[PDB]
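Student: this one is an experimental structure. Sequence first:
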4 protein chains.
Amino acid sequence: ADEXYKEXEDXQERXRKXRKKXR
Amino acid sequence: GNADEXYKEXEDXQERXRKXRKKXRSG
Amino acid sequence: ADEXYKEXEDXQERXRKXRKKXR
Amino acid sequence: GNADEXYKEXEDXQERXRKXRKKXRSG
């Protein structure tokens, strides 16, 4: 989990920014 | 609507990642 | 890796289907 | 174009997952 946090947080952030573009 | 179905799918993908992450964190 | 394969394969497939919808 | 930038972003997300998975598999 510790080694995957940064990668998975970045993926969560990328999806969050994409959702905001649809608005 | 295509845009509405896209928006709902993106919201569902965000939630799928949240649940995957919650499972890895716990534990 | 063994325990995450099914989850990550499903995520890869979901993105693949979404890309196909844009066509 | 919005649709073109969306398509490119989705292609890039697919690739980001492929590279993440390749890193976990190797090893």
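Tutor: Cool, got the structure. Numbers count the residues shown, from 1 in each chain, chains lettered A, B, ... in the order given.
Student: contacts, neighbours, all on C-alpha from now
Tutor: Fine.
Student: all helices for chain A, in order.
Tutor: For chain A, the helices defined by DSSP state H cover A:5-21.
Student: find the residue at the geometric middle of it.
Tutor: residue A:12 (2.0 Å; CA atoms, centre = their mean).
Student: quick check, that residue in contact with residue B:14.
Tutor: Yes. Contact criterion CA atoms under 8 Å: residue A:12 and residue B:14 qualify, at 6.7 Å.
Student: circling back to that earlier point, from chain B, how far out is the residue nearest to the centre of chain A?
Tutor: From residue A:12 across to chain B, the span is 7 Å (CA to the nearest CA, to the nearest Å).
Student: how far away is that residue from chain D?
Tutor: For residue A:12, the distance to chain D equals 11 Å [CA to the nearest CA].
Student: for residue A:1, same thing?
Tutor: Separation of residue A:1 from chain D (CA to the nearest CA): 12 Å.
Student: just residue A:10 next, same as before
Tutor: From residue A:10 to chain D the distance is 10 Å (CA to the nearest CA).
Student: that residue - how many residues pack around it?
Tutor: Around residue A:10 there are 11 other residues, counting by other CA atoms under 10 Å in any protein chain shown.
Student: how about the one 3 residues further on?
Tutor: A total of 13 residues lie near residue A:13 under the criterion other CA under 10 Å.
Student: quick one, what contacts it?
Tutor: With CA atoms under 8 Å, 6 or more residues apart in numbering or on different chains as the criterion, no residue contacts residue A:13.
Student: thanks a lot, see you next time.
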